[PDB]
Structure formats: structure tokens, C-alpha cells
């Protein structure tokens, strides 16, 4: 069997429409089979002094399906090696959002600046279902 056939056990897996606003970057991909996230690239060069943060363009936009959420998580390697984090982690991408995904990077190292270059992988994007809960206000939890 070739690629185009959806294997049985992946019949149900979901699709995510994506637009490369920056066509010069590779499409986000999973580094390994079963990996939770696809790796987002930086569209830009940016240098972050200790304690500084930046809102960095990834060059993509996505259409998260209704009933789901996209989540932007930090890469573990850079987090440890150089103290790179994401201010609003986990970044919450709503089903209705059709703008460019931007990553609020922050340098949590005390002394060493972090240089990010265009084309570097700077975060990962997961997609999960979410319960769009209906609030039921009660006067006490007994009542419910």
C-alpha cells in the first residue's frame, strides 16, 4: 500500500487546514511517528536579552476545527539549554481564529541572550478536543 491510503486505525484522524503566509518556510511537521505536536518555525530573526519577550511570527495560519483547540507549547530542548519559554504557555488557538500564529517568546535566562533565526523551530502546535461547556449557575453544589 502507498501513502494516499488512510490506514484503518487512522480512518478517524482529523485534518487541519493551514495557510503558509510565509511560503519560504517548510510546513510544520511531526519529528516522529505519534509525536503530539508539529514544530512551528520562526519567520524572523530576533534577539532576546535576558528577561525580554517578543511576539514572533510563525508564517502560518490554521483553522482549528469547531470542538477543538490548538495549543502552542515550548520546545523542551531550548527550554533547558537556553531558558527559552513562552509567556502565555500554553498558547490557546481558538477554532474561530484565522490570523497568523504568533509565539510570545521570552528569555528566562539571567545573563545570556537568545538568538533566534528565521527557519529555527521555536514551538510546537498540538490539536485537542475541548469541551465547550455550558455553565450551570447554582447557589451551592448540593443544589446541583
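Numbering follows the first chain given and starts at 1.
Engineer: Do the C-alpha atoms of 86 to 94 or of 25 to 33 have the higher average B factor in the entry?
Structural biologist: Taking the mean B-factor of the alpha carbons in each, 25 to 33 is higher.
Engineer: Looking at the deposited entry, does 133 to 141 or 1 to 9 carry the larger mean Cα B-factor?
Structural biologist: Going by the record's values, the stretch with the higher mean is 1 to 9.
Engineer: Looking at 104, 60, 116, 69, which has the biggest Cα B factor in the entry?
Structural biologist: Largest recorded C-alpha B-factor: 116.
Engineer: Going by the recorded CA B-factors, say which third of the chain residue 128 sits in, lowest, middle or highest.
Structural biologist: Ranked within chain, residue 128 CA B lands in the lowest tercile.
Engineer: For residue 17, return the chain-relative third of its C-alpha B-factor as stated in the PDB record: lowest, middle or highest.
Structural biologist: As the PDB entry reports it, the C-alpha B-factor of residue 17 lands in the lowest third of its chain.
Engineer: Which third of the chain does residue 108 land in by C-alpha B-factor: lowest, middle or highest?
Structural biologist: Answer is lowest: the recorded C-alpha B-factor places it there.
Engineer: Based on the deposited C-alpha B factors for this chain, I'd like to know if residue 49 is in the lowest, middle or highest third.
Structural biologist: It falls in the bottom third of the chain.
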